[PDB]
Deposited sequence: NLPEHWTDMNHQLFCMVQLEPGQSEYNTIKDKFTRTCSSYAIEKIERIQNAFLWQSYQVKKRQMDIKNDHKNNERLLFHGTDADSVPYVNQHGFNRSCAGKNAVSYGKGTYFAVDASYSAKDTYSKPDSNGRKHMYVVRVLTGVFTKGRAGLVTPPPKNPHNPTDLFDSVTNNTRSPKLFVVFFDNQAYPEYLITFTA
């Protein structure tokens, strides 16, 4: 449904390799090279997953209504191993597969570039650029299974995400499916 997606022959899922030197590739490469200029990019792919996008956009609309502002989305990074890539492309990020038991996303590509996250393949590494509905956030802590409530006497009204540091966040954790949309996959080497 986004305007910049290309035609999919009436299908619902496609990975589209970006053309180097065009505006879309350049924009994503720049976000990566801001902190990972010593790495070599092999390719960048746009993830066109209609079902995942639809469920994510429903959640975004709901969060925009609940927070009655539209500053709920951030573009973050997520490094993972090659064996998780097919699952993420098709199903997104699953907390069931410390600041809480959720899925973690980094502000800086350099954080996700650590081998503990983007585990090397032939030494190929994989990192997603992710639209994340961080919404209203608070500091996380170990053992959380959802974000904390905003106020005790209303324990069901929750923060949207948690972070390591509210003033200068470097990571965010989300605890529900469809709060994160994998937008691009970067394949790269050290």
Ranges of the deposited sequence (numbered from 1) for which no C-alpha atom is modelled: 1, 99-104, 129
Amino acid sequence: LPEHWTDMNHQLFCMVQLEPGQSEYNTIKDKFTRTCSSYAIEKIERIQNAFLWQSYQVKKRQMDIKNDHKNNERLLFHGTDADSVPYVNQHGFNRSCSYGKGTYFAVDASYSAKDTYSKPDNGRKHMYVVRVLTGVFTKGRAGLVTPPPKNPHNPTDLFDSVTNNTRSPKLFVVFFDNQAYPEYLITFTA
From here on, numbers count along this sequence of modelled residues.
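Heads up, when I say rigid core I mean the largest set of C-alphas that superpose within 1.5 Å between the two forms.
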Which of 7-15 and 172-180 lies farther from this form in 9 other deposited structures of this protein, as RMS of C-alpha positions after a rigid core fit: 7-15
RMS CA shift, core-fitted in 9 other deposited structures of this protein, bigger for 105-113 or for 70-78: 70-78
Which of 126-134 and 37-45 has higher mean CA B factor, as the PDB entry lists it: 37-45
Of 135-143 and 59-67, the one with larger mean CA B-factor: 59-67
Ranked against its chain, the third holding the CA B-factor of residue 108: lowest
Assigned third (lowest, middle, highest) for the C-alpha B factor of residue 179: lowest
Cα B factor band for residue 92 (lowest, middle or highest third within the chain): lowest
Ranked C-alpha temperature factor of residue 100 among modelled chain residues, by third: lowest
Third of chain Cα B-factors occupied by residue 158: highest
